[PDB]
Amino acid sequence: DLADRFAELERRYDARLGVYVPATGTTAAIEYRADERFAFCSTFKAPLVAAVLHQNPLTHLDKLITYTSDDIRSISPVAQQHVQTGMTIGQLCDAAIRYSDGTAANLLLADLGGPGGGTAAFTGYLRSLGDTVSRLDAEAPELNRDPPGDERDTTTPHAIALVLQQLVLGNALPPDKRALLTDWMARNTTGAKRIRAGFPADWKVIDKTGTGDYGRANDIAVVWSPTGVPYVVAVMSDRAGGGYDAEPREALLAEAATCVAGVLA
């Protein structure tokens, strides 16, 4: 039984685990704590890039964005290396997804614009996709630090899975913008020990991870069977019991994904 397996993993990792896989042709939705709130962490960058793409002509990707020393306030493996030169919107989208670059995402929020440095427009974008649950209230680094239980900067496995489904498999974006988002997630560098670790090599996996305080570790993916049948997989976790400095545990997400893959095979 899946729910028993997910509950075992919670005990093993002293964690709270949430899982959602939306229903398909012949598979029932998989759900475990799927309607409980968990912090977005960096997972918001997938819908953020979709918002920026949707909002502008495709050649907005070529616009140069400049920023300064004081814009670097979070883990930013790419943007730290380009303060002098600036970075194009395309480069920022690439870094935000593939390296989970925090400065890149902050700049993309500012590009999207409006109150809260773009957090309100980001949240409005989710509303336009029928997501009445998720909310973004702060940018990096603040968005990863909300106390366990606090609703700021949260989504649910259920809400984010339905959003990702529309973005990658549905018609939220035109085909050209959709392919840009899909390709970036396909080329993600941060995801190898999460959902990817739970599916066999002949399944395609694209994803966006998030990590935060209180042992937060998330991964949202779209996967395709060896015959091209797609499934959306959202896994979210925290370890409130270890306090603010609780270590995130990727292995928990790998094991949860392995369990899901077992059902979907």
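We number the residues from 1 along the sequence you see.
Colleague: Between 19-27 and 252-260, point out the one with the higher average CA B-factor as the PDB entry records it.
Modeller: The stretch with the larger mean CA B-factor is 19-27.
Colleague: Look up the CA B-factors in the entry and say which stretch, 78-86 or 151-159, has the higher mean.
Modeller: The entry gives the higher C-alpha B-factor average to 78-86.
Colleague: Determine which member of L58, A34, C41, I206 has the highest CA B-factor, using the values in the deposited entry.
Modeller: Highest CA B-factor of the listed options: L58.
Colleague: Compare the CA B factors listed in the entry for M236, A221, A201, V52 and report the winner.
Modeller: By C-alpha B-factor in the record, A201 ranks first.
Colleague: Split the chain's modelled residues into thirds by Cα B-factor; is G102 in the lowest, middle or highest one?
Modeller: According to the entry, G102 has a C-alpha B-factor in the chain's lowest third.
Colleague: Based on the deposited C-alpha B factors for this chain, I'd like to know if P141 is in the lowest, middle or highest third.
Modeller: It falls in the middle third of the chain.
Colleague: Quick one: classify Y67 as lowest, middle or highest third of the chain based on its Cα B-factor.
Modeller: Its C-alpha B-factor belongs to the highest third of this chain's values.
Colleague: Among the modelled residues of this chain, does the Cα B factor of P47 put it in the lowest, middle or highest third?
Modeller: Lowest third - that is where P47 ends up once the chain's C-alpha B-factors are sorted.
Colleague: C-alpha B factor of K177, ranked within the chain: lowest, middle or highest third?
Modeller: Middle third - that is where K177 ends up once the chain's C-alpha B-factors are sorted.
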